[PDB]
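Asks: Next comes the structure file protein-v1.cif, holding mmCIF, C-alpha atoms and all ligand atoms.
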data_upload
loop_
_atom_site.label_atom_id
_atom_site.label_comp_id
_atom_site.auth_asym_id
_atom_site.auth_seq_id
_atom_site.Cartn_x
_atom_site.Cartn_y
_atom_site.Cartn_z
CA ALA A 1 0.00 0.00 0.00
CA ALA A 2 1.11 3.55 -0.84
CA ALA A 3 2.83 5.58 1.89
CA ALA A 4 1.94 9.10 0.72
CA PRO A 5 -1.22 10.84 -0.51
CA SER A 6 -1.47 12.28 -4.01
CA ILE A 7 -2.14 15.72 -5.47
CA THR A 8 -4.20 16.29 -8.62
CA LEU A 9 -2.46 17.86 -11.63
CA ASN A 10 -4.04 20.31 -14.06
CA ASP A 11 -4.47 17.50 -16.63
CA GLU A 12 -6.44 15.47 -14.03
CA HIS A 13 -3.67 12.92 -13.49
CA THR A 14 -2.66 12.35 -9.86
CA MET A 15 0.88 12.43 -8.42
CA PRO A 16 2.22 11.27 -5.05
CA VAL A 17 3.19 14.27 -2.89
CA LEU A 18 6.38 12.54 -1.75
CA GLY A 19 8.79 10.46 -3.79
CA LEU A 20 12.38 9.32 -4.29
CA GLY A 21 14.93 11.03 -6.53
CA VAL A 22 18.06 9.17 -7.65
CA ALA A 23 20.40 12.02 -8.65
CA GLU A 24 24.12 11.15 -8.46
CA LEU A 25 23.57 7.53 -7.42
CA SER A 26 25.64 4.74 -8.97
CA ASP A 27 23.80 1.97 -10.79
CA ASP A 28 23.98 -0.38 -7.78
CA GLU A 29 23.04 2.43 -5.39
CA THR A 30 20.11 3.35 -7.62
CA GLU A 31 18.71 -0.17 -7.69
CA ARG A 32 19.06 -0.48 -3.92
CA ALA A 33 17.52 2.92 -3.17
CA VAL A 34 14.54 2.35 -5.47
CA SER A 35 13.95 -1.16 -4.13
CA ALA A 36 14.07 0.07 -0.53
CA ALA A 37 11.69 2.94 -1.28
CA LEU A 38 9.15 0.78 -3.09
CA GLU A 39 9.25 -1.70 -0.20
CA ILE A 40 8.07 0.88 2.34
CA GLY A 41 5.35 2.25 0.08
CA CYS A 42 6.99 4.99 -1.95
CA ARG A 43 5.36 5.11 -5.37
CA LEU A 44 7.05 8.06 -7.11
CA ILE A 45 10.51 7.57 -8.60
CA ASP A 46 12.34 10.53 -10.10
CA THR A 47 15.27 10.03 -12.51
CA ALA A 48 16.72 11.77 -15.59
CA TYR A 49 18.73 11.23 -18.74
CA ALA A 50 21.51 13.15 -17.00
CA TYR A 51 21.79 10.86 -13.96
CA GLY A 52 22.90 7.97 -16.17
CA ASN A 53 20.81 5.53 -14.17
CA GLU A 54 17.49 5.01 -15.93
CA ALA A 55 18.37 1.39 -16.75
CA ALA A 56 19.08 0.74 -13.06
CA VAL A 57 15.73 2.33 -12.14
CA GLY A 58 14.15 0.06 -14.73
CA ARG A 59 15.72 -3.04 -13.20
CA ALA A 60 14.46 -2.15 -9.73
CA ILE A 61 10.96 -1.46 -11.01
CA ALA A 62 10.93 -4.77 -12.90
CA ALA A 63 11.94 -6.66 -9.74
CA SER A 64 9.60 -4.87 -7.35
CA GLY A 65 6.35 -6.71 -7.93
CA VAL A 66 4.53 -3.38 -7.82
CA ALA A 67 1.90 -2.98 -10.56
CA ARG A 68 2.90 -0.40 -13.20
CA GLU A 69 -0.30 1.61 -12.86
CA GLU A 70 0.44 2.08 -9.14
CA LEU A 71 3.82 3.65 -9.86
CA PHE A 72 4.53 7.26 -10.82
CA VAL A 73 7.74 7.47 -12.86
CA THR A 74 9.30 10.82 -13.69
CA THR A 75 12.22 11.38 -15.97
CA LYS A 76 13.80 14.42 -17.61
CA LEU A 77 14.94 15.86 -20.93
CA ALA A 78 18.55 17.06 -20.96
CA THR A 79 19.36 20.41 -22.52
CA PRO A 80 21.37 19.02 -25.47
CA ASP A 81 18.24 17.07 -26.48
CA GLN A 82 15.98 20.15 -26.59
CA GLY A 83 14.22 20.51 -29.94
CA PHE A 84 10.93 19.63 -31.59
CA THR A 85 12.25 16.45 -33.17
CA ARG A 86 15.14 15.67 -30.82
CA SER A 87 13.08 15.84 -27.63
CA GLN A 88 10.65 13.27 -29.01
CA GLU A 89 13.60 11.00 -29.80
CA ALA A 90 14.97 11.61 -26.30
CA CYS A 91 11.66 10.66 -24.70
CA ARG A 92 11.60 7.33 -26.58
CA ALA A 93 15.22 6.65 -25.62
CA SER A 94 14.43 7.24 -21.94
CA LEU A 95 11.50 4.81 -22.20
CA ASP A 96 13.80 2.22 -23.75
CA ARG A 97 16.36 2.54 -20.95
CA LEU A 98 13.65 2.39 -18.30
CA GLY A 99 12.08 -0.67 -19.93
CA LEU A 100 8.71 1.06 -19.74
CA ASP A 101 5.91 1.78 -22.22
CA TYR A 102 5.27 5.24 -20.79
CA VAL A 103 6.46 7.59 -18.09
CA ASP A 104 4.01 9.42 -15.86
CA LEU A 105 5.88 12.71 -16.06
CA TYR A 106 8.49 14.04 -18.50
CA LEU A 107 10.24 17.28 -17.52
CA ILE A 108 12.41 19.79 -19.33
CA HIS A 109 15.39 19.56 -16.97
CA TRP A 110 16.59 23.19 -17.32
CA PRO A 111 15.23 26.13 -19.32
CA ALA A 112 18.76 27.14 -20.37
CA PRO A 113 17.88 30.61 -21.68
CA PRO A 114 21.22 31.04 -23.56
CA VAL A 115 20.43 27.93 -25.59
CA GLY A 116 16.94 29.20 -26.46
CA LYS A 117 15.46 25.85 -27.46
CA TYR A 118 13.11 25.10 -24.57
CA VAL A 119 9.93 26.27 -26.30
CA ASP A 120 10.61 23.93 -29.24
CA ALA A 121 11.45 21.13 -26.78
CA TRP A 122 8.02 21.69 -25.21
CA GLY A 123 6.42 21.56 -28.66
CA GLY A 124 7.93 18.12 -29.14
CA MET A 125 6.94 16.97 -25.67
CA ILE A 126 3.33 17.91 -26.47
CA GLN A 127 3.52 15.32 -29.26
CA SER A 128 5.14 12.79 -26.91
CA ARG A 129 2.17 13.28 -24.59
CA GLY A 130 -0.31 12.99 -27.46
CA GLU A 131 1.24 9.64 -28.38
CA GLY A 132 1.02 8.36 -24.81
CA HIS A 133 4.77 8.22 -24.18
CA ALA A 134 4.45 10.71 -21.32
CA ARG A 135 1.12 10.90 -19.51
CA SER A 136 1.90 14.35 -18.10
CA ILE A 137 4.53 16.88 -19.10
CA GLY A 138 6.20 19.56 -17.01
CA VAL A 139 9.34 21.57 -16.38
CA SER A 140 12.17 21.93 -13.88
CA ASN A 141 13.92 25.09 -12.68
CA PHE A 142 11.62 27.32 -14.74
CA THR A 143 10.79 30.91 -13.94
CA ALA A 144 7.28 32.31 -14.18
CA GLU A 145 8.31 34.08 -17.38
CA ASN A 146 9.70 30.83 -18.84
CA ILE A 147 6.36 29.14 -18.15
CA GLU A 148 4.40 32.09 -19.62
CA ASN A 149 6.44 31.72 -22.81
CA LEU A 150 5.41 28.06 -23.04
CA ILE A 151 1.74 28.90 -22.53
CA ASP A 152 1.83 31.82 -24.99
CA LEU A 153 3.57 29.94 -27.78
CA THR A 154 2.29 26.35 -27.43
CA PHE A 155 -1.03 26.76 -25.56
CA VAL A 156 -0.08 23.94 -23.15
CA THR A 157 0.59 24.63 -19.47
CA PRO A 158 3.15 22.51 -17.57
CA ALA A 159 1.67 20.14 -14.97
CA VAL A 160 4.63 20.49 -12.61
CA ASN A 161 7.54 22.90 -12.07
CA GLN A 162 10.22 21.03 -10.11
CA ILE A 163 12.40 23.60 -8.35
CA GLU A 164 15.00 23.88 -5.62
CA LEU A 165 13.05 24.64 -2.45
CA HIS A 166 14.03 24.56 1.23
CA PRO A 167 13.92 27.05 4.11
CA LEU A 168 17.01 28.99 2.90
CA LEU A 169 15.34 29.42 -0.50
CA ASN A 170 11.62 29.07 0.14
CA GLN A 171 10.54 30.31 -3.32
CA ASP A 172 7.55 32.26 -2.04
CA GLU A 173 7.11 34.27 -5.24
CA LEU A 174 7.60 31.36 -7.65
CA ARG A 175 5.30 29.15 -5.57
CA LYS A 176 2.55 31.73 -5.94
CA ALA A 177 3.29 32.14 -9.65
CA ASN A 178 3.16 28.38 -10.24
CA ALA A 179 -0.16 28.17 -8.40
CA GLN A 180 -1.57 31.12 -10.36
CA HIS A 181 -0.85 29.19 -13.57
CA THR A 182 -2.30 25.92 -12.13
CA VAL A 183 1.22 24.43 -12.04
CA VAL A 184 2.13 22.15 -9.14
CA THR A 185 5.34 23.07 -7.34
CA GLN A 186 7.52 20.01 -6.76
CA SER A 187 10.46 20.71 -4.45
CA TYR A 188 13.85 19.15 -4.82
CA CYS A 189 16.87 19.43 -2.51
CA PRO A 190 14.50 19.94 0.45
CA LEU A 191 17.42 19.58 2.92
CA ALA A 192 19.68 22.04 1.04
CA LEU A 193 22.09 19.15 0.38
CA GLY A 194 22.19 18.54 4.12
CA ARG A 195 23.32 22.04 5.03
CA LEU A 196 20.17 22.59 7.08
CA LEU A 197 20.41 19.39 9.13
CA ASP A 198 22.43 21.07 11.89
CA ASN A 199 20.69 24.45 11.65
CA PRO A 200 19.85 25.54 15.23
CA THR A 201 16.30 26.54 14.33
CA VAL A 202 15.71 23.21 12.58
CA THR A 203 17.24 21.08 15.35
CA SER A 204 15.32 22.97 18.04
CA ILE A 205 12.05 22.22 16.26
CA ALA A 206 13.04 18.59 15.62
CA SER A 207 13.75 18.18 19.35
CA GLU A 208 10.40 19.73 20.27
CA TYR A 209 8.45 17.38 17.97
CA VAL A 210 10.76 14.42 18.75
CA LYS A 211 11.46 14.03 15.02
CA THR A 212 14.60 14.15 12.89
CA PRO A 213 15.79 17.38 11.29
CA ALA A 214 15.03 15.86 7.88
CA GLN A 215 11.49 14.99 8.95
CA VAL A 216 10.93 18.57 10.08
CA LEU A 217 12.31 19.93 6.81
CA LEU A 218 10.21 17.56 4.69
CA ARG A 219 7.03 18.23 6.69
CA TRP A 220 7.51 22.03 6.40
CA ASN A 221 7.83 21.66 2.64
CA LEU A 222 4.68 19.53 2.39
CA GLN A 223 2.73 21.95 4.59
CA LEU A 224 3.40 24.70 2.05
CA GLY A 225 1.34 22.64 -0.40
CA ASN A 226 4.31 21.39 -2.41
CA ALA A 227 4.99 17.96 -3.75
CA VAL A 228 8.47 16.88 -2.65
CA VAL A 229 11.29 14.70 -3.95
CA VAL A 230 13.54 13.20 -1.27
CA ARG A 231 17.09 13.46 -2.56
CA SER A 232 18.85 10.19 -3.32
CA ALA A 233 17.84 8.64 -0.02
CA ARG A 234 19.78 5.72 1.36
CA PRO A 235 17.77 2.57 2.16
CA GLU A 236 18.50 3.12 5.87
CA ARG A 237 16.86 6.59 5.73
CA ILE A 238 13.90 6.21 3.40
CA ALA A 239 11.34 4.86 5.91
CA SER A 240 12.23 7.70 8.29
CA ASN A 241 11.95 10.26 5.49
CA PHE A 242 8.49 8.95 4.61
CA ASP A 243 7.22 9.03 8.20
CA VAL A 244 6.06 12.64 7.88
CA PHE A 245 2.28 12.28 7.76
CA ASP A 246 1.56 11.65 11.44
CA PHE A 247 2.45 15.08 12.78
CA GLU A 248 1.85 18.72 11.95
CA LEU A 249 4.10 21.72 12.50
CA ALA A 250 2.31 24.45 14.45
CA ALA A 251 2.08 27.96 13.00
CA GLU A 252 4.82 29.38 15.24
CA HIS A 253 7.24 26.75 13.96
CA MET A 254 6.22 27.24 10.34
CA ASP A 255 6.90 30.93 10.95
CA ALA A 256 10.29 30.15 12.50
CA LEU A 257 11.34 28.09 9.48
CA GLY A 258 9.99 30.88 7.27
CA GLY A 259 12.44 33.23 8.96
CA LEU A 260 15.42 31.25 7.66
CA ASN A 261 14.81 32.45 4.11
CA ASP A 262 17.95 34.22 2.87
CA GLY A 263 18.26 33.46 -0.84
CA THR A 264 20.84 30.70 -0.49
CA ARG A 265 20.70 28.70 -3.72
CA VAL A 266 22.74 25.48 -3.53
CA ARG A 267 22.03 24.23 -7.06
CA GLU A 268 22.55 26.00 -10.40
CA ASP A 269 21.03 29.33 -11.44
CA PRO A 270 17.96 28.90 -13.72
CA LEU A 271 18.67 32.23 -15.41
CA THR A 272 22.08 31.27 -16.77
CA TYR A 273 22.74 27.53 -16.43
CA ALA A 274 23.08 25.87 -19.82
CA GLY A 275 24.47 22.44 -18.86
CA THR A 276 22.93 19.15 -17.67
CL CL B 1 18.55 17.66 -0.09
#
Output the structure of this file as structure tokens.
Replies:
Amino acid sequence: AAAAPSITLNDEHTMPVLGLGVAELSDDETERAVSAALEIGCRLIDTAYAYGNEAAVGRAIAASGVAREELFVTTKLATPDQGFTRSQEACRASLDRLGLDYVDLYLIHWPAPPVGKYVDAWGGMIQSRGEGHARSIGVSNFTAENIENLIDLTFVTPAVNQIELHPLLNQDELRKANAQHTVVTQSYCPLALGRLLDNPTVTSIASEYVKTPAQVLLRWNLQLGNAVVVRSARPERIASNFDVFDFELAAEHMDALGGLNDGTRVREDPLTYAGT
């Protein structure tokens, strides 16, 4: 049975509000992390062309005994593959590596404004969705203006905008902008690559609730109304990370975590980053 509730996307598909990402995991690590997550009820798995581990994700899914329709699989289009024709080819290649007939969500990994191809990538992805290769399509690291360009030029609104989001960079404005466009915010790096795990405000709250710092950080993120991707969780951590639905952070503690916001971005800059 599933360990997290789901949120409804603007195309009426549903998506688990908590899932496992496998960025920077080796093939063996990826298989083990996915297997461990599926075993404790995680049903969203988040990978990418760029992580080099879609085949390993595919192996773990194939071995899991979990029915395909109960799984939500996300993968991502790398910037060199952006283009009307090339992004359709890239989608099929990801499916082949995953050993799947479809993915539940296909994301443009970065807008890469200097490259200037992301609108044509989206045009291709609209065809990939029409053909059933991706049931939903969305974006990652997009600004409000990037999303408005997609809507204005292709008439299709992303289902999800997956962005860096944690208390040092709480994305208040972009959260509101996503919502205004009916786009779900999906947070990644919710622990700021671990930099927040020994933050005095975070550890004080964790002590008060008798939870871990990661549980506090994940719960805060969920209570903002975001979907969340747990980053590359080790098998020994994933059950703990998913045990975040049996408590609620009071307003004063949400406010305290809100006060940590200081614009610290630990991943790349959406405005300028043109790599993978
Ligand atoms: Cl993180």
Asks: What does the distance between CA of residue 258 in chain A and CA of residue 14 in chain A come to in Å, to one decimal place?
Replies: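 The value is 28.2 Å.
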Asks: Considering all atoms listed in the file, give me a table of residues in chain A that are at most 9 Å from ligand CL 1 (chain B), with the closest atom pair and distance in Å for each, as a Markdown table.
Replies:
| residue | atom | partner | partner_atom | distance |
| --- | --- | --- | --- | --- |
| A:166 | CA | B:CL1 | CL | 8.4 |
| A:188 | CA | B:CL1 | CL | 6.8 |
| A:189 | CA | B:CL1 | CL | 3.4 |
| A:190 | CA | B:CL1 | CL | 4.7 |
| A:191 | CA | B:CL1 | CL | 3.7 |
| A:192 | CA | B:CL1 | CL | 4.7 |
| A:193 | CA | B:CL1 | CL | 3.9 |
| A:194 | CA | B:CL1 | CL | 5.6 |
| A:195 | CA | B:CL1 | CL | 8.3 |
| A:196 | CA | B:CL1 | CL | 8.9 |
| A:214 | CA | B:CL1 | CL | 8.9 |
| A:229 | CA | B:CL1 | CL | 8.7 |
| A:230 | CA | B:CL1 | CL | 6.8 |
| A:231 | CA | B:CL1 | CL | 5.1 |
| A:232 | CA | B:CL1 | CL | 8.1 |
Asks: Excluding same-chain residues fewer than 6 positions from residue 247 in chain A, what lies within 12 Å of it counting all atoms listed in the file, as JSON, numbers by chain?
Replies: {"A": [206, 208, 209, 210, 211, 215, 216, 218, 219, 220, 222, 223]}
Asks: Using Å and a single decimal, report how far CA of residue 257 in chain A sits from CA of residue 74 in chain A.
Replies: 29.0 Å
Asks: Show which residues sit within 10 Å of residue 143 in chain A, as a list in words. Count all atoms listed in the file, and ignore same-chain residues fewer than 3 positions away.
Replies: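 The residues that qualify are residues 111, 139, 140, 146, 147, 148, 149, 161, 163, 174, 177, 178, 270 and 271 of chain A.
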Asks: What does the distance between CA of residue 241 in chain A and CA of residue 29 in chain A come to in Å, to one decimal place?
Replies: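 Taking CA of residue 241 in chain A as the start and CA of residue 29 in chain A as the end point, the length is 17.4 Å.
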Asks: Restricting the calculation to only C-alpha atoms, which member of A:185, A:172, A:97, A:80 is positioned closest to residue 57 in chain A?
Replies: A:97
Asks: Using all atoms listed in the file for the distances, tell me which of A:105, A:3, A:55, A:20 is nearest to residue 136 in chain A.
Replies: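 The shortest atom-to-atom distance to residue 136 in chain A comes from A:105.
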Asks: I need the residue nearest residue 156 in chain A from this list: A:170, A:35, A:221, A:182. Use all atoms listed in the file for the distance.
Replies: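 Going through A:170, A:35, A:221, A:182 one by one, the smallest distance to residue 156 in chain A is for A:182.
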Asks: Taking only C-alpha atoms into account, which of A:16, A:235, A:5, A:83 comes nearest residue 36 in chain A?
Replies: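 Nearest to residue 36 in chain A: A:235.
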Asks: May I have the residues within 10 Å of residue 70 in chain A as a PyMOL selection string, using all atoms listed in the file and disregarding those fewer than 3 positions away in the same chain?
Replies: chain A and resi 1-2+43-44+66-67+73
Asks: Taking all listed atoms of range 23-39 of chain A, build the axis-aligned box, pad each of the six sides by 8 Å, then write its centre and edge lengths in Å to one decimal as JSON.
Replies:
{"center_x": 17.4, "center_y": 5.2, "center_z": -5.5, "size_x": 32.5, "size_y": 29.7, "size_z": 26.6}
Asks: Which polymer residues have any atom within 10 Å of an atom of residue 183 in chain A, counting only C-alpha atoms, with same-chain residues fewer than 2 positions away left out, as an MDAnalysis selection string?
Replies: chainID A and resid 9:10 138:139 147 157:162 175:181 185:186
Asks: Of the candidates A:119, A:45, A:89, A:79, which shows the shortest atom-to-atom distance to residue 103 in chain A, using only C-alpha atoms?
Replies: A:45
Asks: Within 7 Å of residue 112 in chain A, counting all atoms listed in the file, which residues qualify if same-chain residues fewer than 5 places away don't, as a VMD selection string?
Replies: chain A and resid 270 272 to 274
Asks: Emit the selected residues as a PDB file, keeping the file's coordinate frame, including C-alpha atoms.
Replies:
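Listed below is the output, result07.pdb:
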ATOM      1  CA  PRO A 270      17.960  28.900 -13.720  1.00  0.00           C
ATOM      2  CA  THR A 272      22.080  31.270 -16.770  1.00  0.00           C
ATOM      3  CA  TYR A 273      22.740  27.530 -16.430  1.00  0.00           C
ATOM      4  CA  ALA A 274      23.080  25.870 -19.820  1.00  0.00           C
TER       5      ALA A 274
END
Asks: Under the rule that all atoms listed in the file are counted, which of A:15, A:33, A:4, A:77 is the nearest residue to residue 233 in chain A?
Replies: A:33
Asks: Using the atoms already present, construct N, CA and C atoms for range 244-260 of chain A and hand them back as a PDB file, keeping the file's coordinate frame.
Replies:
ATOM      1  N   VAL A 244       6.294  11.208   7.686  1.00  0.00           N
ATOM      2  CA  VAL A 244       6.060  12.640   7.880  1.00  0.00           C
ATOM      3  C   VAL A 244       4.585  13.002   7.703  1.00  0.00           C
ATOM      4  N   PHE A 245       3.708  12.032   7.921  1.00  0.00           N
ATOM      5  CA  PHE A 245       2.280  12.280   7.760  1.00  0.00           C
ATOM      6  C   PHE A 245       1.501  12.075   9.051  1.00  0.00           C
ATOM      7  N   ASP A 246       2.213  11.882  10.155  1.00  0.00           N
ATOM      8  CA  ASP A 246       1.560  11.650  11.440  1.00  0.00           C
ATOM      9  C   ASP A 246       1.824  12.778  12.428  1.00  0.00           C
ATOM     10  N   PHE A 247       2.345  13.896  11.937  1.00  0.00           N
ATOM     11  CA  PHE A 247       2.450  15.080  12.780  1.00  0.00           C
ATOM     12  C   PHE A 247       2.288  16.337  11.935  1.00  0.00           C
ATOM     13  N   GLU A 248       2.028  17.448  12.610  1.00  0.00           N
ATOM     14  CA  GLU A 248       1.850  18.720  11.950  1.00  0.00           C
ATOM     15  C   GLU A 248       2.622  19.801  12.684  1.00  0.00           C
ATOM     16  N   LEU A 249       3.372  20.600  11.934  1.00  0.00           N
ATOM     17  CA  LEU A 249       4.100  21.720  12.500  1.00  0.00           C
ATOM     18  C   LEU A 249       3.149  22.864  12.808  1.00  0.00           C
ATOM     19  N   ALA A 250       3.150  23.326  14.057  1.00  0.00           N
ATOM     20  CA  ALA A 250       2.310  24.450  14.450  1.00  0.00           C
ATOM     21  C   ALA A 250       2.732  25.730  13.727  1.00  0.00           C
ATOM     22  N   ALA A 251       1.832  26.703  13.695  1.00  0.00           N
ATOM     23  CA  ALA A 251       2.080  27.960  13.000  1.00  0.00           C
ATOM     24  C   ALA A 251       3.367  28.652  13.444  1.00  0.00           C
ATOM     25  N   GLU A 252       3.645  28.664  14.747  1.00  0.00           N
ATOM     26  CA  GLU A 252       4.820  29.380  15.240  1.00  0.00           C
ATOM     27  C   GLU A 252       6.107  28.748  14.709  1.00  0.00           C
ATOM     28  N   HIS A 253       6.066  27.446  14.466  1.00  0.00           N
ATOM     29  CA  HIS A 253       7.240  26.750  13.960  1.00  0.00           C
ATOM     30  C   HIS A 253       7.339  26.845  12.443  1.00  0.00           C
ATOM     31  N   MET A 254       6.201  26.899  11.757  1.00  0.00           N
ATOM     32  CA  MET A 254       6.220  27.240  10.340  1.00  0.00           C
ATOM     33  C   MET A 254       6.795  28.640  10.154  1.00  0.00           C
ATOM     34  N   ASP A 255       6.382  29.568  11.012  1.00  0.00           N
ATOM     35  CA  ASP A 255       6.900  30.930  10.950  1.00  0.00           C
ATOM     36  C   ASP A 255       8.409  30.971  11.193  1.00  0.00           C
ATOM     37  N   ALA A 256       8.877  30.179  12.157  1.00  0.00           N
ATOM     38  CA  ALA A 256      10.290  30.150  12.500  1.00  0.00           C
ATOM     39  C   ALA A 256      11.132  29.641  11.329  1.00  0.00           C
ATOM     40  N   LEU A 257      10.652  28.597  10.662  1.00  0.00           N
ATOM     41  CA  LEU A 257      11.340  28.090   9.480  1.00  0.00           C
ATOM     42  C   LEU A 257      11.246  29.083   8.322  1.00  0.00           C
ATOM     43  N   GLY A 258      10.149  29.832   8.269  1.00  0.00           N
ATOM     44  CA  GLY A 258       9.990  30.880   7.270  1.00  0.00           C
ATOM     45  C   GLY A 258      11.013  31.987   7.436  1.00  0.00           C
ATOM     46  N   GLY A 259      11.480  32.182   8.663  1.00  0.00           N
ATOM     47  CA  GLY A 259      12.440  33.230   8.960  1.00  0.00           C
ATOM     48  C   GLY A 259      13.859  32.912   8.521  1.00  0.00           C
ATOM     49  N   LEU A 260      14.099  31.669   8.104  1.00  0.00           N
ATOM     50  CA  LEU A 260      15.420  31.250   7.660  1.00  0.00           C
ATOM     51  C   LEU A 260      15.715  31.667   6.217  1.00  0.00           C
TER      52      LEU A 260
END
